[PDB]
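One chain comes next, on its own, written as structure tokens: the form deposited in one PDB entry.
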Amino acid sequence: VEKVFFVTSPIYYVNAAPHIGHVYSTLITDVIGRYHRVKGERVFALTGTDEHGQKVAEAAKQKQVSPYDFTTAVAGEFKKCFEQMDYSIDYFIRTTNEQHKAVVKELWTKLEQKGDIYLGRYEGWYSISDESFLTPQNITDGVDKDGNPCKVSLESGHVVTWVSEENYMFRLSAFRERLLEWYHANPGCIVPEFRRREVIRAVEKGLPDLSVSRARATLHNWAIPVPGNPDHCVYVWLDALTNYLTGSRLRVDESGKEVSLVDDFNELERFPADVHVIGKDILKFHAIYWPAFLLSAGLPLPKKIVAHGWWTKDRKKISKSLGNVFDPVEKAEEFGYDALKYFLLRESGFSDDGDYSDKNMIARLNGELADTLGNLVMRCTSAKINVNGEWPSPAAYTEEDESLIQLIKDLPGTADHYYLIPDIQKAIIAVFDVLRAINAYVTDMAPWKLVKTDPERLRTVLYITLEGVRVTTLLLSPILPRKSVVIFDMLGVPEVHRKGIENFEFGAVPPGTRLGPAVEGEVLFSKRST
């Protein structure tokens, strides 16, 4: 099946300003999208905001403004933040959008016609802050914002409330067996593996039916009405997850505005998602509820859900109320955008709860970006080493030459696999393993000495080095989008050879290609003091 590769981020609640977790999640979405464009594939990358519900509506009452005005302002803050982060996201969706509402109503009606929705009751715990239903085994004792004793979530530590309401219920219990069939028939559909095992364990135990509406008063009427029943509003999560379907059905103009909603997802060839990027906090919604709603509605299921961990700064929680902030724009302005992106993507795998510190950020910038990559780019473009400012023609290869050539030839296949898991950390590590080898080759060959001593040999060493830099850079280009362009310019790589699987091949850029102009004081990654 050739289709549009469809990658998504979560849509974020707009109760508060955008912060590191949102930037991180959308970055991972963006990188995956960028990588597939570089392979020459059609790509649709989606992100946006989750704007209904009690959480958001009560956050707006606290600031004492209209919910329309509140959501519009905060959404604008998210949009501004993502523009500034310099992503290449194809569309930013808002659940307040009138076309999204239509899709939600259409899906609700499908589930109902299917016989999977009945009028019943939820009597149990609920976390407003997570918009999540919880069993008693998943709550514990704690203190509210006044220090009085209350109940809170084991998952998140937010205050839980007891809800007792007549609600429309989805027959999630009926989908246990099909969900298990699905997890087992597609054992790469949840990444990383231990989160996949977590989901299977939970569904093995059995599933209760799920409340998919609430009484309209409880929601302060800030939600989508249930079709045919004005007294109920649709569960914010059913509304929210539907953004993926909505997103798959929107024709978008050149300025990123939605101009049309198509009747059937097949028309745009995006649905279902090839990868849903999510944080571990919302696994159940994506890996249990979502596929159950799709099975009910007769819609195809996503190929992969990837769930990452949470960040800390200096081994402590990130918060404004506590004395520990982490502003990604400010850190990007301080250290550079591609560098900050590299760090967030290199420092932690999706299994781990990663940690930022200025110390570690600088060690990576200095060690990997500057000393390993930057150093190497300057050497092979240097007028002192590359006297003619060109890609030379190689003479015969020694076994050492070939050992390095083999590493460069094998790198794309290996990096490809890692990007497709996805495991962006391993992909980066694989590229830099090859960069380190190219450096050790250059040190071994000492091409500066060869300029006087063996210019024929220098041709070979210099050529292999240029091509190693080009290939490594091509594969890192989803990670370092701006800097890879600079590198390609310095190397003088023609535009055509900067994307496409054709240019994964060793030798795509011919000898005689001229290097780009050298600039007075340019340096690729500027080292920073410790």
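Rigid core (definition): largest C-alpha set, two forms, superposition within 1.5 Å. Note that residue numbering follows the sequence shown and begins at 1.
For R216, the record comparison shows coordinates present in all the other entries of this protein that model its neighbours, with no third of them leaving it out. Among other deposited entries of this protein with both flanking residues present, none omit coordinates for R201; it is modelled throughout, well short of a third. With 307-315 and 86-94 compared on mean CA B-factor from the PDB entry, the stretch scoring higher is 307-315. Of the two segments, 137-145 and 106-114, the one listed with the higher mean B-factor is 137-145 (C-alpha atoms only). Per the deposited coordinates, the residue with the largest Cα temperature factor out of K384, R459, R121, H100 is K384. Looking only at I479, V471, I464, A59, the residue with the top Cα B factor in the deposited structure is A59. In this PDB entry, the Cα temperature factor of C233 sits in the middle third of its chain's modelled residues. Annotation for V14: C-alpha temperature factor in the middle third relative to the rest of the modelled chain, per the entry.
Annotation for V226: C-alpha temperature factor in the middle third relative to the rest of the modelled chain, per the entry.
Split the chain's modelled residues into thirds by C-alpha temperature factor. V65 is in the highest one. Looking at the C-alpha B-factors along this chain, the one for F335 belongs to the highest third.
The same protein also exists as the form deposited in another entry; that form is not shown, yet it is the one meant from here on.
Just one of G279, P272, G374, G354 moves its Cα by 2 Å or more between the shown form and the other one on a rigid core overlay, and this residue is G354. With the core superposed, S132 shows a C-alpha displacement below 2 Å between the shown form and the other one. Relative to the superposed core, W311 undergoes a C-alpha shift of no less than 2 Å between the shown form and the other one. A change of 3 Å or more separates the two forms for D353 and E155: their C-alpha atoms lie farther apart in the other form. Between this form and the other one, the CA-CA gap for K284 and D353 widens by 3 Å or more, being larger in the other form.
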